[PDB]
Amino acid sequence: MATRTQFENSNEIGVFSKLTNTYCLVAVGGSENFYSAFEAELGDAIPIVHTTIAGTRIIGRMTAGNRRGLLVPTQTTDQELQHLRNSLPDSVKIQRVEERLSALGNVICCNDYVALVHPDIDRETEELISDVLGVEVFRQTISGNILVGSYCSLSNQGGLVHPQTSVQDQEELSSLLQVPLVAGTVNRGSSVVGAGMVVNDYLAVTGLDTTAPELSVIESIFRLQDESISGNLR
Amino acid sequence: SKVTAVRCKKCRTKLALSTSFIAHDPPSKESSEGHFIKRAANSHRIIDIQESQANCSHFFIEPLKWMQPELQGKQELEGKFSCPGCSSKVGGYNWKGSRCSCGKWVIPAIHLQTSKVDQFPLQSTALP
Amino acid sequence: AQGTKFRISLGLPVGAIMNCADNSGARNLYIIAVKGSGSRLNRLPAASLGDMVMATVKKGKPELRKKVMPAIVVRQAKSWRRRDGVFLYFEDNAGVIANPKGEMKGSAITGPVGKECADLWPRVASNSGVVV
Amino acid sequence: XXXXXXXXXXXXXXXXXXXXXXXXXXXXXXXXXXXXXXXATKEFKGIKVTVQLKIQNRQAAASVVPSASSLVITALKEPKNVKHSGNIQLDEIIXXXXXXXXXXXXXXXXXXXXXXXXXXXXXXXXXXXXXXXXXXXXXXXXXXXXX
Amino acid sequence: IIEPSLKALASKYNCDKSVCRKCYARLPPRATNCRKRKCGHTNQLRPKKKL
RNA sequence: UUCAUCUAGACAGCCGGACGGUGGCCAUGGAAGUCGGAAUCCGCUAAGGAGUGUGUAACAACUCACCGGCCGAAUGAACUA
């Protein structure tokens, strides 16, 4: 539900992992303490894949995908591409995308239903995102930022957005995304809210330095929260 | 108010409910118990004076249901225990003391450090 | 505070005026030292792609000027060798400014960012639009 | 099963300090322990020291006062440092107070067993003015009364 | 948890010693002179500080 | 060099006892001879101090004081160069 862990000593998880409702991706250079946080609470319901994208460990920022599809940038080698075709099931579809804006995580903010992309993206990509992911694509910016990936975490229930955000811009976004939106901070006051955490329906993993009032705001908008083992035997 | 729960961070387990909490709230503020004293080897020689902290950084609760195998199996006079799924140093049991970081004393009690555990309300959401 | 990085060629000595990549108000950065450099008689310490440097603003907002603050190199014009084989080099030098913990004050970075800088710093890879 | 003998001291109304530590190796009980010792110190002061021993088996309650120590001469009186320097008329009652005290005293009769219980009384007024030292040195009463 | 019968077994090797004032060496507690040569076998000893 | 102990049994070491009213009393998270203040008593005794120290969260455990024997000729101290 509301787990916290960290990669090597870095609190931010959304750089290093990509969580959807049907699969999960993790970087390869990890300890056993980071991989056990996912594998214990996901179990064998969704496949957890140790992978790299373009020879890097920043696969949460280079990829973008949801329940139906996964997009990889141009510099992904065909060894890393043919590897992901085997470990992920046949229901997902993977297609390489020719971009000038290579980092697909910071560009595309998407879920199962509605996607927000970078405003400088071209018409050739927007026809491909609606083909592979099967999602209607809307070009829209959070109030002062053009990167919608790092500054807007999105799910099927709700969404956490950038903290320095005006109210009437959230209300125009909420009519567009059709989910309730809360502005807040994560990881003891980091304004980057898309990369500070990952999220889907059953799980939402954040950093270890996330304080106690910040974890309450995250689980409430995403509505992941809902016991006979406790009791007094004196 | 409403009922609350103290769920473990990184284990996601309700360690303690309300209907608990021997909270002991006021300290003493005087020079023998509200201050931390460090003695010496001989003749009650005091080398250090420390002021107590603001808020009591433990939780003083009942011996609960999940604590039962650790307290029966190799029962001792002092030690510690863990969350039932992560095996981290969550809180220790002591039949001696360990007042509060802020100080009183307690009882032979079950202290639970407020670091690496947090307190949720068991009722509905806050709805700001 | 800096993780492990493969050695690439040193291309920015002390005194180099490099561009400023982000939109934090500054226009150029003046490198005065490099974190983690060495010591040798009459040798200037030099920066590379992905190093943390101390740098001052010479042109930009009047709030930012006349004080020293750390910064991170994101582009470089001197060619370096990657392990896969290709020698690459950008068009001009660039630097974003950050706190000594490594978190970035900027909101977004214009232009491309070197790949070995993106893997070394997590917050740079969040703000990066184009990674090589 | 087995018998486990323990000890207890001080307290007036309710005391939960030293005793709870010895109940660590025993079964867990808080409200069962401090209420069982409460009936032992019933009709005893909370100002005074009360010594008890409790033998338990499977959450059991035991209440006895041995009264071998200064528990006796504390009891025949009326309730920054409370001084115990009081005057009591011991010599009439301390002949009978020694009879509860001398269960084994392991001495020759009550003539020497009342000259030690008064020696424990190193505070109160006793009989007349003083009930200590030369005022309570040589006895010319009872002696062959108890034996 | 330390079982203080075992602590008195351990304190004989670590705590119950003596210290020379001049050369700071660790000497047995009933010793009268330092066994080293660099301090000139002096007789200025002290008990090692307890905790 | 100048004292002093010692076959009328030394110093060192060993073997025994070190109890009873006792966790005495105020004192405090807890202080049982040993964190501390004034008190300092009794009984059994050959003899054992409401205790010299080590130790304990508090005990305990052990030594010293003290009382008896075991081994049986040297020994302690201050100084001079």
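Positions of Cβ are generated from backbone atoms using ideal geometry, with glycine treated the same way; all protein chains shown enter the neighbour counts. A short reminder: the numbers here are calculations on the coordinates, not readings from a lab.
So that you can scan it fast, the table gives a plain yes or no per residue for (1) within 16 Å of the chain's Cα centre (by Cα); (2) away from chain E (no Cβ under 14 Å); (3) small (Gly, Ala, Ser):
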site	(1), (2), (3)
B:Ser20	yes, yes, yes
B:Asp25	yes, yes, no
B:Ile37	no, yes, no
B:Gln50	no, yes, no
B:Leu64	yes, yes, no
B:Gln72	no, yes, no
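For D:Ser69, the conditions (1) surrounded by fewer than 18 Cβ atoms within 10 Å (Cβ to Cβ); (2) farther than 30 Å from D:Unk141 by Cα all hold with the exception of (2). Which of the residues that make up segment B:39-48 are more than 8 Å from RNA strand F (Cβ to nearest atom), charged (D, E, K, R) and either within 12 Å of chain E (Cβ to nearest Cβ) or within 21 Å of E:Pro47 (Cβ to Cβ) (or both)? Result: B:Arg45, single match. Among the residues making up segment D:98-135, those that are near RNA strand F (Cβ under 8 Å from one of its atoms), at negative phi and not in a loop (DSSP other than H, G, I, E, B) are D:Unk101, D:Unk117, D:Unk118, D:Unk119, D:Unk120. Residues in segment B:75-118 that are at positive phi and more than 16 Å from RNA strand F (Cβ to nearest atom) were compared, and the one that is farthest from the other protein chains (Cβ to nearest Cβ) is B:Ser87. Of the residues examined, D:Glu92 is one that is exposed (fewer than 15 other Cβ atoms within 10 Å of the Cβ) and either within 20 Å of D:Unk132 (Cβ to Cβ) or within 11 Å of RNA strand F (Cβ to nearest atom) (or both).
Among the residues that make up segment C:56-72, is at least one of them within 13 Å of C:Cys117 (Cβ to Cβ) and touching a strand residue (DSSP E or B) at 6+ places or on another chain (Cβ under 6 Å)? Yes, because at least one residue in segment C:56-72 is within 13 Å of C:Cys117 (Cβ to Cβ) and touching a strand residue (DSSP E or B) at 6+ places or on another chain (Cβ under 6 Å). Selection of first residues in segment B:37-64 that are of a type in the set (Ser, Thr, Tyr) and of second residues that are more than 14 Å from RNA strand F (Cβ to nearest atom), restricted to Cβ pairs under 6 Å at least 6 apart or on distinct chains, gives the following pairs, ordered by first then second residue: B:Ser52/B:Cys102; B:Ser57/B:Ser101; B:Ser57/B:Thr114. Of all residues in segment D:1-22, those being in a loop (DSSP other than H, G, I, E, B) and either near RNA strand F (Cβ under 6 Å from one of its atoms) or more than 14 Å from D:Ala62 (Cα to Cα) (or both) number 12.
Every residue, every condition in (1) within 13 Å of RNA strand F (Cβ to nearest atom); (2) within 12 Å of the chain's Cα centre (by Cα); (3) among the polar types (S, T, N, Q), yes or no:
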residue	(1), (2), (3)
D:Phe44	yes, yes, no
D:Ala61	no, no, no
D:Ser67	yes, yes, yes
D:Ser70	yes, yes, yes
D:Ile73	yes, yes, no
D:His84	yes, no, no
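Screening segment D:5-15 for residues that are under 25 Å from B:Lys74 (Cα atoms) and surrounded by fewer than 14 Cβ atoms within 10 Å (Cβ to Cβ) and picking the one that is farthest from the other protein chains (Cβ to nearest Cβ) gives D:Unk5.
Considering only residues in segment E:1-18 that are of a type in the set (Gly, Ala, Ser) and within 9 Å of RNA strand F (Cβ to nearest atom), the one that is surrounded by the most Cβ atoms within 10 Å (Cβ to Cβ) turns out to be E:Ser11. Of all residues in segment C:96-132, those being over 18 Å from A:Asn145 (Cα atoms), crowded, with 23+ Cβ neighbours inside 10 Å and more than 10 Å from chain A (Cβ to nearest Cβ) number 2.
Cβ-Cβ contacts under 8 Å between residues 6 or more apart (or on different chains), taken from a first residue in segment E:29-51 that is under 23 Å from E:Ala10 (Cβ atoms) to a second residue that is of a type in the set (D, E, K, R) and more than 10 Å from RNA strand F (Cβ to nearest atom), are listed as E:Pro29/E:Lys17; E:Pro29/E:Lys48; E:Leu45/E:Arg21; E:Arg46/E:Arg21; E:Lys48/E:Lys17; E:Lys48/E:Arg26. Being within 14 Å of the chain's Cα centre (by Cα), within 10 Å of another protein chain (Cβ to nearest Cβ) and among the hydrophobic types (A, V, I, L, M, F, W, C) holds for only one residue in A:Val199, A:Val192, and it is A:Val192.
If we keep just the residues of segment D:24-46 that are within 14 Å of another protein chain (Cβ to nearest Cβ) and touching a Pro at 6+ places or on another chain (Cβ under 8 Å), which is surrounded by the fewest Cβ atoms within 10 Å (Cβ to Cβ)? Checking each candidate, the answer is D:Unk24. Checked against the criteria, A:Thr22 counts as more than 24 Å from A:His118 (Cα to Cα) and either outside any strand (DSSP E or B) or among the hydrophobic types (A, V, I, L, M, F, W, C) (or both).
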